[PDB]
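One chain comes next, on its own, written as structure tokens: the form deposited in one PDB entry.
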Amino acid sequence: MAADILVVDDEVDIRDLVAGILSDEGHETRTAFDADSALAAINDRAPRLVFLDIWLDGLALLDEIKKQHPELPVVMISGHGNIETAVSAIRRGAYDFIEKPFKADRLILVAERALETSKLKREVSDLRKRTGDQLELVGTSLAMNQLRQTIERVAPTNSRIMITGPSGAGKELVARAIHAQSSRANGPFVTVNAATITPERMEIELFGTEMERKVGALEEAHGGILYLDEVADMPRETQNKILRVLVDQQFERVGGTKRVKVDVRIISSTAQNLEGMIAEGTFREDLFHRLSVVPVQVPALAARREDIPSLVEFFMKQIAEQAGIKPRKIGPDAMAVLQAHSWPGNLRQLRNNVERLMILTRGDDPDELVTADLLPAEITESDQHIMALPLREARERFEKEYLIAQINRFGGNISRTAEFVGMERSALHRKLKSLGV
């Protein structure tokens, strides 16, 4: 909207003209005539945008501004004569360029777009800190290093990827890392979660509808990557259509005849045994062979236990950022129990456990260690729970469980249990029977 802009030019009429139009728009404008006055203005306060004259030199100052302030957009002011240098400045780090003489509306528009893009990148950084959704693969283990090198090798190719690994191991993160290291890194990254899509709406989610517009995952993925997250959750009807899209890169939109042609790089994943599903007749053999082109195996947390301390530390920093809870020191006993667990939910389960620990100790002293007793049990019927029952039934269940527990406490000695609970021997017998013990 209305930001702090620094106008760097050697001519006063340009400094006054640019600063004038922008200030009149609602911005705060400061000026500088050379590199030293520019660097000093940035030292007074970091601006949200810079307008830099190519011939002051401009390109050297452009490198310096971008070195110290990578997130600060710089728009070049260029002479009518040469666009070659203005284009050279874009490659060196400049956002855009403006040509003399310019219309005021052009100057206003360029400033707004440079600020909008800068705001979008800042909103991206801010939202990644809240989602705890960064694109970095933490792990010093050999399983992690081999995975990182597999990513580095398969990403620059155009090959179809098949990702195998258990739930929460990092299959989606690997797919995003493959995308960020591919030729389609600037192209879209579209995800299809079969598990979280109703069967009655799968066709519409993948192919869209004929004519505000409902655009399917395949059309949205055109020129980029389509991530089929957990293919094993696709019904027979869905498996058929996917196979059919793989043969010709074409499909119809639901309700329509129009055959849309797409150009998509497919990355698939499974935490399931697909070859076994083929034997059970639940998964198509032709689909499997077409999706299983280049394999990428993401290791289980059980295959990289030595990474758990580094991951706990990494997750504690994310939650410190999200919640404002200071990171804690995990006790050697609690860490030993964590490192020994089988982790069916892998890293997603580890993060969830780290977050619960941080919530529970939020009030505690900083020097206090997180102890093994704080760890949950894994590390009756719904109709029978006391909280879900009315008073009489809830009272009856409590009475039954109390007596059962008191009997076990006295190791089956009914007469001593009776005496302690405040009952006569035969009355306890009749009560136990009436309660169905």
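If you superpose the two forms and keep the largest set of C-alpha atoms that fall within 1.5 Å, you have the rigid core. Numbering starts at 1 and runs along the sequence shown.
According to the record, the deposited sequence contains 4 to 9 residues between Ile379 and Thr380 that were left without coordinates. The modelled chain breaks after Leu56 and resumes at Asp57, leaving 4 to 9 residues of the deposited sequence without coordinates.
In this entry, 289 to 297 has the higher mean Cα B-factor, the comparison being between 289 to 297 and 349 to 357. Higher average CA B factor: 406 to 414, of the stretches 406 to 414 and 386 to 394. The PDB entry assigns the greatest CA B-factor among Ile225, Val231, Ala177, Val247 to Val247. Taking the PDB entry at face value, the top CA B factor among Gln181, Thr270, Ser342, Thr238 belongs to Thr238. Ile21: CA B factor lies in the middle third for its chain, per the PDB record. Among the modelled residues of its chain, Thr209 has a C-alpha B-factor that falls in the highest third according to the deposited record. Remark: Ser125 belongs to the highest third of its chain, ranked by C-alpha B-factor as recorded. In the deposited entry, the Cα temperature factor of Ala41 places it in the middle third of its chain's modelled residues.
The deposited CA B-factor of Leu435 belongs to the middle third of values across its chain.
Here the subject shifts to the form deposited in another entry, a form of this protein not shown in this document.
Of the residues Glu152, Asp248, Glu71, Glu275, just one CA atom moves 2 angstroms or more between this form and the one not shown under rigid-core superposition; it belongs to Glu71.
After superposing the rigid core, the C-alpha of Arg113 moves by 2 Å or more between this form and the one not shown. Once the cores line up, the CA of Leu374 ends up less than 2 angstroms apart between this form and the one not shown. With the core held fixed, the Cα of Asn82 is displaced between this form and the one not shown by 2 Å or more.
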